[PDB]
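Enquirer: Mind having a look at this structure? Questions to follow.
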There are 4 protein chains.
Amino acid sequence: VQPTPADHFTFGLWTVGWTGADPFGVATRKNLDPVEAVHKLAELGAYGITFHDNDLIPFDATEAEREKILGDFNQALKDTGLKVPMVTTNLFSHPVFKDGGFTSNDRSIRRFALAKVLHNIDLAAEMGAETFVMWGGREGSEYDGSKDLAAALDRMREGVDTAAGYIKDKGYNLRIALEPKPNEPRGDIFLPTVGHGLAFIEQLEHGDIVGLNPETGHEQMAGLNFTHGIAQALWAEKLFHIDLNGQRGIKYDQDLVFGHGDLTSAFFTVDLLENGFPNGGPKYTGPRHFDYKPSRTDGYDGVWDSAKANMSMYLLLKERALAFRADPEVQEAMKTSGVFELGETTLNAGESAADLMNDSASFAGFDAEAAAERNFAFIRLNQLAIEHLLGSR
Amino acid sequence: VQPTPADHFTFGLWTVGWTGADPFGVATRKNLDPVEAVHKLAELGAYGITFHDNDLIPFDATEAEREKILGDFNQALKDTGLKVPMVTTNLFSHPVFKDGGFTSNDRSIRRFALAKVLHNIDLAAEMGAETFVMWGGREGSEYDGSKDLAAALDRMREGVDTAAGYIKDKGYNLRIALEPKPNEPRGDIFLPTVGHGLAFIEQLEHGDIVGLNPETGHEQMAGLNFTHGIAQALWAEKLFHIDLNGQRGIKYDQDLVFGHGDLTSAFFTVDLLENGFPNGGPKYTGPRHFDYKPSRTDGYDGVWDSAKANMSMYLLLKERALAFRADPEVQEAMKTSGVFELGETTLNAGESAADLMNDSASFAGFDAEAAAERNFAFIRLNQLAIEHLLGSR
Amino acid sequence: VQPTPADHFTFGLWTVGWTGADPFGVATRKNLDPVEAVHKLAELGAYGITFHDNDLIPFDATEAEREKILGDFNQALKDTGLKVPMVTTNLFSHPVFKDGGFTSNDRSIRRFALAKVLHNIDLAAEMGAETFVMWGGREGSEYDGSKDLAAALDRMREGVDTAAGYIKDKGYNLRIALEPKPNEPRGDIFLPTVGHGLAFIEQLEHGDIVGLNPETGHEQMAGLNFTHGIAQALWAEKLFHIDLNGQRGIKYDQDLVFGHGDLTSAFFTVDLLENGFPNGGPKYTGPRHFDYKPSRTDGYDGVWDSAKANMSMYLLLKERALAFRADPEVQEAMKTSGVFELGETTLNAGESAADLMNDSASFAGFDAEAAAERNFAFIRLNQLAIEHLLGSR
Amino acid sequence: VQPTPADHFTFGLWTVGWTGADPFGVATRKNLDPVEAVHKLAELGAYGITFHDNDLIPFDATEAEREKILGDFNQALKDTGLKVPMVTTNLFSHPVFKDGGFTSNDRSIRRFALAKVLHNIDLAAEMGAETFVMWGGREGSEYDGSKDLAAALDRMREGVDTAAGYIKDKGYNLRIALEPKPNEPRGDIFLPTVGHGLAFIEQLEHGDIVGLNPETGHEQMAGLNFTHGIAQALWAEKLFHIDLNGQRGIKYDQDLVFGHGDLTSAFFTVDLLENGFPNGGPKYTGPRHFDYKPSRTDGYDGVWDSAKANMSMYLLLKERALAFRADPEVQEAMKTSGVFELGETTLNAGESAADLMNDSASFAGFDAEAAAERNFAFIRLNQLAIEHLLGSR
Ligand SMILES: [Al+3]
Ligand SMILES: [Al+3]
Ligand SMILES: [Al+3]
Ligand SMILES: [Al+3]
């Protein structure tokens with residue numbers, strides 16, 4: 001398994017560029033130059049690279065420096081052919097965003113954050129990004145009395161709808177993807193899980209161009225099923241982008257390589273992205289974006305090892321996932337457990353609530369005790385998946 | 001603090017009626033007769049009682065027995081004046097619901113579950129319930145390959161929309177409230193948090209009459225902020241009912257008395273239900289339903305102690321919450337932290353995205369470093385709330 | 001992968017006999033005859049069977065019944081060749097044990113629990129068991145003021161020391177294994193994790209014959225690394241028994257098949273059991289016991305499938321973990337990362353504290369920034385391990 | 001509530017000196033001069049101050065600088081009267097400690113870490129500290145194959161025993177306190193909880209002078225009951241120090257003010273520290289040390305407010321916990337629940353195992369169903385405690 005650009009593997013500049021400062025220590029690696037990052041990613045088989053405005057252009061850079069940076073960055077894209085499919089804004093590192101960007105209690109920080117986003121959409125358009133991600137990492141609180149909870153959501157809506165109207169107004173070919181996170185850096189973040197994010201989009205004026213950017217480790221921090229969560233987003237037509245990594249449990253965000261966290265969950269994630277639904281339905285066709293960090297204990301050889309590892313993990317899982325579904329023993333196990341039977345409507349074509357109510361066979365003369373003897377054989381069906389995962393079938 | 005019917009304290013028949021069988025042992029108390037339950041609740045100052053169809057009428061009861069039970073149950077309501085504000089269906093105890101009601105892989109169980117719900121709506125209407133709760137406790141899986149995740153949500157939609165159309169069709173004055181739960185009894189339940197529940201309602205044909213029934217302990221099982229979660233439901237106009245109890249951490253569901261779990265969170269929950277939002281907005285006007293279980297170590301004196309305790313806890317918190325907001329030191333602390341400033345729109349009346357972009361004062365000439373020096377004083381504001389909670393101010 | 005009695009797979013009678021009742025619903029399966037379990041387990045490759053006194057002999061059994069039941073069970077054992085390596089006592093099911101056995105607040109109850117345990121030591125002795133397990137499931141509290149925590153540990157000690165002294169006195173070849181568990185059925189359980197279990201053993205008069213019985217799921221219920229916990233028990237030579245199962249996060253105890261929870265963790269537990277420590281150390285040589293529950297969704301084919309799945313899972317992980325450590329590339333990766341270097345003593349032979357502080361090479365002239373450049377290459381070692389787990393190497 | 005030096009409130013220099021940098025953003029506050037901290041802490045009622053060698057003396061400090069800094073700090077101490085009860089070492093910040101100090105895989109690094117600790121014992125000795133804390137923050141792994149777990153505990157033991165022997169050898173009046181932590185900065189940390197800390201002490205050659213330094217938040221990070229964990233440390237006479245702060249669940253370490261996390265748990269920790277065990281037992285008599293961080297949202301008034309809030313929180317809980325145990329109703333409730341009864345030995349004076357099994361009253365003729373009727377009334381005791389906490393009694 002060697003990745004190729006058709007695999008659609010994209011990586012953020014901040015992933016491989018992560019130098020190692022954590023909350024208990026300083027950087028263990030030297031800064032990575034962005035041009036070197038592009039050359040190196042391209043050589044590993046990456047299709048694209050993504051970034052945050054301040055990942056490339058310093059917060060204080062002059063207009064001269066911005067243009068110098070962009071010129072060399074664009075030259076490296078040209079030299080390699082790496083695309084830039086998603087752009088995002090840093091609304092969390094500088095001290096001004098300590099209470100948030102869009103939901104900052106201070107009004108002058110809310111306008112500064114939103115103006116920073118609007119300018120960044122212009123850069124997104126210019127780079128040819130299809131997706132603009134919004135991760136509201138400082139939107140939230142440590143204490144419950146800190147915020148007017150209704151005002152926080154009106155202010156979040158205002159920012160997202162202003163940005164959305166702006167795209168529509170300039171006719172940029174871009175969609176906004178919100179990225180939910182339960183906590184860290186705030187004690188509680190607004191729109192904590194896939195569900196809150198999706199619910200919030202339905203209250204928006206320009207909801208039609210706003211979708212989601214779920215991250216594996218983020219839903220796992222609330223102990224949620226990531227395949228269940230992305231299935232709902234997909235079902236709603238709202239899975240616009242995805243961030244893949246590993247998390248081992250509810251604890252700080254680890255950002256491990258995809259597959260180095262909950263492996264069985266990683267397998268079924270890949271089955272849903274690659275294979276879709278057993279009875280048919282929607283499919284995710286976007287880039288497979290790795291949002292992780294190379295462990296601070298490792299040197300630059302480990303940084304490129306880790307980038308490679310993300311792509312290998314995905315291709316090994318993909319392989320096992322295609323052999324699993326293709327397996328006739330598996331298809332028959334699925335049929336026994338009622339996987340395809342769930343696809344049939346409960347009601348008959350034209351049957352009404354009254355009809356079903358008044359159908360003695362479905363209720364009054366129904367044998368509940370006979371119906372309960374059914375062996376769904378979910379254990380055996382799970383054993384078949386693990387055996388394909390273990391490369392034993 | 002003595003509760004009165006105007007307090008709107010409702011209790012489920014299964015709460016006080018919980019006999020003590022848990023996963024590791026049998027019942028430690030004798031069955032509680034439902035007529036005795038009504039008489040006793042009414043005497044404690046409860047306004048209403050709620051139940052599950054099989055809490056009152058056995059699954060196997062004949063038509064004769066159903067009518068006998070209802071006649072005595074209605075007589076006790078009459079004798080005491082307790083209302084019945086919410087009715088729900090048991091779609092989880094009998095062995096036929098082992099894979100779920102509405103999302104059961106077996107089609108004949110899906111029709112049986114839905115017919116059971118339709119008949120129960122008819123009883124809800126007859127009792128004068130305003131709300132019909134749907135807790136899909138067996139909808140989900142232990143293993144990821146068990147279900148077609150898109151089919152599971154189409155089947156969930158079908159059941160809820162059939163039930164919704166049925167109410168609309170008979171002109172019952174009822175709303176459906178969905179009750180999200182992350183896990184237990186299933187390893188993963190569909191619509192795990194407030195957010196998934198709200199997102200799901202926007203995909204429904206008859207969404208207009210479907211809202212939520214959040215439970216304190218349920219959101220706390222995913223480590224979520226219950227006040228944040230109910231704030232979003234309220235903001236969306238979807239908080240139709242609420243279940244109050246205590247949970248101490250991510251572990252099995254405890255169902256403790258309200259206030260016996262996360263006390264500081266209980267305080268702010270009460271502040272939101274009683275006081276609403278600091279800048280004004282929506283308010284929750286429904287019943288304050290206690291969904292808990294009296295600890296199995298205690299006898300029937302403890303059962304009535306626990307019921308009383310729920311109402312006392314709420315009234316003590318209420319008191320502290322009204323004194324907290326009324327306090328001029330607190331109102332000034334709030335003003336300093338920007339609680340009211342969050343209420344102001346980011347944009348000026350008529351300002352456009354372009355206008356804000358091109359306003360040098362909000363971006364190009366903005367002093368980010370000056371703006372970052374603001375002491376939001378969130379610590380001090382939190383210390384004032386705890387001091388009111390501790391009854392020291 | 002075909003298990004043979006040489007593998008030492010032991011099963012509890014309660015595992016495959018679990019009937020399917022949980023907190024939200026009734027049993028989905030009929031009771032399992034003990035004779036049948038013995039015969040079925042012997043035909044799958046099991047080595048032995050374990051039980052709780054009440055799994056076999058009802059609480060209320062008359063003497064005649066006890067003899068009968070035991071006659072039936074010993075016959076089965078004689079007929080099949082199964083061993084009985086561990087025997088345990090139920091101090092959790094009867095309503096009298098609602099506050100614990102040993103740490104019950106009621107003294108008369110404490111005395112009955114210990115009496116119930118002493119009698120069970122005789123039985124364990126008679127069955128030829130090597131290990132006697134103590135799972136204090138009801139020892140704990142829901143509320144912090146319910147117990148005097150110093151007196152609960154004194155009471156616990158009294159119980160365990162009385163049982164240990166009695167073993168020594170009777171000259172039985174039995175060791176006690178304490179089984180830690182953090183919560184469920186109680187809100188908080190005493191001796192919640194392997195460390196708390198080991199700490200307590202050191203305060204016991206007869207701690208020489210007292211050790212641990214860690215269970216996979218229990219440790220994962222507190223979010224701890226099961227492999228690290230059994231390494232500490234092994235290290236102190238206190239790993240007397242082990243309970244293998246699966247758990248998919250911090251939630252209710254799932255009791256899934258071994259390997260059906262966290263797969264990589266399972267993989268590394270099998271490497272520790274089979275391969276021991278990279279530098280040498282104690283090795284675990286007891287039964288590999290599965291304490292799980294066949295999902296309640298599955299009927300009786302599922303029950304024997306799930307029993308089988310345990311042993312298959314173990315044998316597949318073992319194949320992989322043996323291949324993993326035998327690989328030259330893996331051994332090279334381990335050397336590079338300093339796995340072997342960890343085994344060298346920090347100090348030199350007869351080097352003292354004063355000798356080392358004084359040594360300029362070690363401190364005063366130690367080049368900290370050049371030392372910090374070492375690429376530990378832990379990511380690459382982890383990728384190598386996963387690739388062996390997926391059977392791609 | 002005004003703290004006085006008699007209260008023994010100690011603060012780390014790093015607590016109020018925390019600058020606000022975290023994993024997603026830069027410092028929000030300027031560095032705090034050590035002299036100022038000392039003077040500010042003395043004016044608020046602090047009793048003492050603690051530090052890490054590098055909080056005070058930079059890593060690269062020349063000798064002249066070290067003398068200067070120490071001259072400045074001892075002057076402050078002399079001027080204010082503050083004590084220095086605990087001194088600790090930073091084995092986590094420099095990039096050389098990326099794999100740990102004591103359990104680093106690199107031997108040269110292990111030797112530097114121990115050398116760095118030995119030198120710091122001299123300094124601790126010179127400052128007049130009673131306790132020397134060891135927080136092994138980088139001891140652990142992200143991945144399961146990174147370490148030989150038996151060799152990591154040998155390496156740890158070597159380090160701690162070398163330090164302990166050296167103390168004994170120099171005749172210093174210092175005790176070592178090990179500080180357990182489950183995760184962060186590493187994915188898994190060695191000796192993760194109070195039980196694991198206590199277990200390890202028992203395998204040490206000089207364990208007589210080695211004890212624990214439990215922190216509130218750390219134990220809550222694994223979801224454990226902090227009050228139960230310090231009761232076990234107390235019970236074994238191993239509670240040498242304590243770190244008080246707040247944590248709002250299983251997530252990143254928050255370091256909130258003491259009482260700003262789980263309030264009821266805090267309440268019961270203060271009852272244990274102040275009131276001791278209901279039946280008598282050891283009492284904790286050391287410093288009440290706050291290891292927290294002023295939220296990064298707050299400016300310097302917030303910093304002194306947060307320092308103040310710690311001591312106010314402690315004094316309010318103490319007032320309440322003293323009132324709680326003095327209440328006649330509460331004492332009556334405790335008797336009823338068997339709190340005092342737990343303290344009576346299970347066996348009778350000179351009663352043996354054989355004596356008890358033989359006793360018909362205790363076993364053979366014990367009426368288990370009548371015993372089971374006892375109403376323990378734990379809910380009512382809990383309601384009583386909360387009412388004292390809320391100041392309504
Ligand atoms: Al991301
Ligand atoms: Al409920
Ligand atoms: Al077990
Ligand atoms: Al500390």
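As shown in the structure tokens, the chain order sets the letters A, B, ...; within each chain, residues go from 1, and ligands are also counted from 1 in the order they appear.
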Write out as a ChimeraX atom specification the set of residues from segment 144-245 of chain C that DSSP, computed on the backbone, places in alpha helix (DSSP H).
Expert: /C:149-170,194-201,216-220,226-235
Enquirer: Considering only C-alpha atoms, return as a count of residues only whatever protein or nucleic-acid residues lie within 7 Å of segment 16-27 of chain A, sequence-local ones (same chain, fewer than 4 positions apart) excluded.
Expert: 13
Enquirer: Can you tell me, as a VMD selection string, what residues are no more than 7 Å from residue 206 of chain B when counting only C-alpha atoms, ignoring any on the same chain fewer than 2 positions away?
Expert: chain B and resid 161 164 to 165 204 208 to 209
Enquirer: Using C-alpha atoms, can you write the selected residues to a file as a PDB file, in the first residue's frame?
Expert:
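Listing of again.pdb after writing:
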```pdb
ATOM      1  CA  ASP B 161     -43.366  10.876  11.787  1.00  0.00           C
ATOM      2  CA  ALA B 164     -46.709  12.740  14.767  1.00  0.00           C
ATOM      3  CA  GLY B 165     -49.076  12.490  11.760  1.00  0.00           C
ATOM      4  CA  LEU B 204     -38.667  15.108  10.131  1.00  0.00           C
ATOM      5  CA  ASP B 208     -43.210  21.284  14.302  1.00  0.00           C
ATOM      6  CA  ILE B 209     -44.694  19.079  17.071  1.00  0.00           C
TER       7      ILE B 209
END
```
Enquirer: Counting only C-alpha atoms and all ligand atoms, name the residues that have an atom within 9 Å of an atom of ligand 1; the answer should be given as JSON, numbers by chain.
Expert: {"A": [12, 133, 135, 179, 180, 181, 213, 214, 215, 216, 217, 218, 242, 243, 244, 245, 289, 290, 291, 292]}
Enquirer: With N, CA and C atoms retained, could you export that selection as a PDB file, in the first residue's frame?
Expert:
```
ATOM      1  N   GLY A  12      -2.549  18.949   7.348  1.00  0.00           N
ATOM      2  CA  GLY A  12      -2.461  20.352   7.749  1.00  0.00           C
ATOM      3  C   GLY A  12      -0.986  20.669   7.989  1.00  0.00           C
ATOM      4  N   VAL A 133     -12.839  25.954   6.997  1.00  0.00           N
ATOM      5  CA  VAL A 133     -13.173  25.367   8.300  1.00  0.00           C
ATOM      6  C   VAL A 133     -13.138  26.465   9.358  1.00  0.00           C
ATOM      7  N   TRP A 135     -13.205  26.327  13.478  1.00  0.00           N
ATOM      8  CA  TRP A 135     -13.070  25.606  14.743  1.00  0.00           C
ATOM      9  C   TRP A 135     -13.140  26.698  15.820  1.00  0.00           C
ATOM     10  N   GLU A 179     -16.402  22.828  13.125  1.00  0.00           N
ATOM     11  CA  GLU A 179     -15.685  21.780  13.852  1.00  0.00           C
ATOM     12  C   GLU A 179     -15.947  21.823  15.360  1.00  0.00           C
ATOM     13  N   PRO A 180     -16.757  20.801  15.732  1.00  0.00           N
ATOM     14  CA  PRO A 180     -17.195  20.622  17.133  1.00  0.00           C
ATOM     15  C   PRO A 180     -16.102  20.009  17.979  1.00  0.00           C
ATOM     16  N   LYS A 181     -16.031  20.434  19.228  1.00  0.00           N
ATOM     17  CA  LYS A 181     -15.071  19.968  20.199  1.00  0.00           C
ATOM     18  C   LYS A 181     -15.718  20.162  21.571  1.00  0.00           C
ATOM     19  N   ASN A 213     -17.242  19.460   9.998  1.00  0.00           N
ATOM     20  CA  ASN A 213     -15.865  19.000   9.964  1.00  0.00           C
ATOM     21  C   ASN A 213     -15.571  18.214  11.261  1.00  0.00           C
ATOM     22  N   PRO A 214     -16.145  17.009  11.329  1.00  0.00           N
ATOM     23  CA  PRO A 214     -15.948  16.180  12.532  1.00  0.00           C
ATOM     24  C   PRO A 214     -14.504  15.690  12.704  1.00  0.00           C
ATOM     25  N   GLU A 215     -14.052  15.505  13.952  1.00  0.00           N
ATOM     26  CA  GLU A 215     -12.704  15.019  14.173  1.00  0.00           C
ATOM     27  C   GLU A 215     -12.844  13.818  15.118  1.00  0.00           C
ATOM     28  N   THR A 216     -12.251  12.700  14.767  1.00  0.00           N
ATOM     29  CA  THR A 216     -12.232  11.429  15.462  1.00  0.00           C
ATOM     30  C   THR A 216     -12.085  11.547  16.964  1.00  0.00           C
ATOM     31  N   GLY A 217     -10.979  12.108  17.438  1.00  0.00           N
ATOM     32  CA  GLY A 217     -10.570  12.370  18.779  1.00  0.00           C
ATOM     33  C   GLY A 217     -11.507  13.287  19.539  1.00  0.00           C
ATOM     34  N   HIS A 218     -12.108  14.247  18.842  1.00  0.00           N
ATOM     35  CA  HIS A 218     -13.076  15.170  19.417  1.00  0.00           C
ATOM     36  C   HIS A 218     -14.296  14.423  19.872  1.00  0.00           C
ATOM     37  N   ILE A 242     -13.511  16.029   6.813  1.00  0.00           N
ATOM     38  CA  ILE A 242     -13.303  15.173   7.991  1.00  0.00           C
ATOM     39  C   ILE A 242     -11.838  15.281   8.432  1.00  0.00           C
ATOM     40  N   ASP A 243     -11.621  15.219   9.753  1.00  0.00           N
ATOM     41  CA  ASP A 243     -10.289  15.241  10.344  1.00  0.00           C
ATOM     42  C   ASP A 243     -10.101  13.836  10.990  1.00  0.00           C
ATOM     43  N   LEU A 244      -9.072  13.132  10.566  1.00  0.00           N
ATOM     44  CA  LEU A 244      -8.757  11.787  11.077  1.00  0.00           C
ATOM     45  C   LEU A 244      -7.499  11.758  11.917  1.00  0.00           C
ATOM     46  N   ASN A 245      -7.567  11.112  13.072  1.00  0.00           N
ATOM     47  CA  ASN A 245      -6.473  10.947  14.045  1.00  0.00           C
ATOM     48  C   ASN A 245      -6.904   9.846  15.032  1.00  0.00           C
ATOM     49  N   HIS A 289      -8.443  14.003   5.387  1.00  0.00           N
ATOM     50  CA  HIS A 289      -7.556  14.911   6.095  1.00  0.00           C
ATOM     51  C   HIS A 289      -7.141  14.369   7.434  1.00  0.00           C
ATOM     52  N   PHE A 290      -5.821  14.331   7.556  1.00  0.00           N
ATOM     53  CA  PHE A 290      -5.164  13.882   8.801  1.00  0.00           C
ATOM     54  C   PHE A 290      -4.855  15.097   9.695  1.00  0.00           C
ATOM     55  N   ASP A 291      -5.522  15.189  10.830  1.00  0.00           N
ATOM     56  CA  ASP A 291      -5.283  16.292  11.779  1.00  0.00           C
ATOM     57  C   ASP A 291      -4.688  15.618  13.058  1.00  0.00           C
ATOM     58  N   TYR A 292      -3.397  15.542  13.127  1.00  0.00           N
ATOM     59  CA  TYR A 292      -2.688  14.889  14.204  1.00  0.00           C
ATOM     60  C   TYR A 292      -1.416  15.636  14.555  1.00  0.00           C
TER      61      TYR A 292
END
```
Enquirer: Would you mind listing what lies within 8 Å of segment 77-91 of chain B as a ChimeraX atom specification, with only C-alpha atoms counted and same-chain residues fewer than 6 positions away left out?
Expert: /B:10,38-39,42,46-54,97,100-101,113,116-117,120,124,127-134,136-138,287
Enquirer: Limited to C-alpha atoms, could you put the picked residues into a file as a short mmCIF file (atom, residue, chain, number, x, y, z; two decimals), in the first residue's frame?
Expert:
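Output saved as out-v3.cif:
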```
data_model
loop_
_atom_site.label_atom_id
_atom_site.label_comp_id
_atom_site.auth_asym_id
_atom_site.auth_seq_id
_atom_site.Cartn_x
_atom_site.Cartn_y
_atom_site.Cartn_z
CA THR B 10 -44.16 16.05 38.54
CA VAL B 38 -50.85 8.88 43.83
CA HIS B 39 -52.18 9.47 47.35
CA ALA B 42 -50.31 14.37 46.31
CA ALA B 46 -46.57 17.08 43.82
CA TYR B 47 -48.66 18.60 41.04
CA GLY B 48 -48.69 15.60 38.74
CA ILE B 49 -47.56 12.08 38.06
CA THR B 50 -46.33 10.50 34.81
CA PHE B 51 -46.06 6.83 33.78
CA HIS B 52 -45.08 4.31 31.15
CA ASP B 53 -48.00 2.15 29.79
CA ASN B 54 -46.55 -1.03 31.46
CA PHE B 97 -37.34 -5.14 22.29
CA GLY B 100 -35.00 -1.89 19.80
CA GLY B 101 -38.54 -0.84 19.07
CA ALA B 113 -43.38 -1.31 18.63
CA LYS B 116 -47.80 -0.17 20.83
CA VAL B 117 -46.90 3.59 20.57
CA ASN B 120 -50.48 4.61 23.93
CA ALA B 124 -52.20 9.85 26.54
CA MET B 127 -55.53 11.08 30.41
CA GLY B 128 -54.98 14.77 29.44
CA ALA B 129 -51.18 14.57 28.93
CA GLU B 130 -49.68 17.60 27.03
CA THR B 131 -46.45 15.66 26.27
CA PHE B 132 -45.73 12.20 24.96
CA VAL B 133 -42.12 11.15 25.67
CA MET B 134 -40.14 8.77 23.49
CA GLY B 136 -35.38 4.94 22.46
CA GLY B 137 -33.34 2.99 25.00
CA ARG B 138 -32.80 -0.16 23.01
CA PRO B 287 -43.26 20.84 34.60
#
```
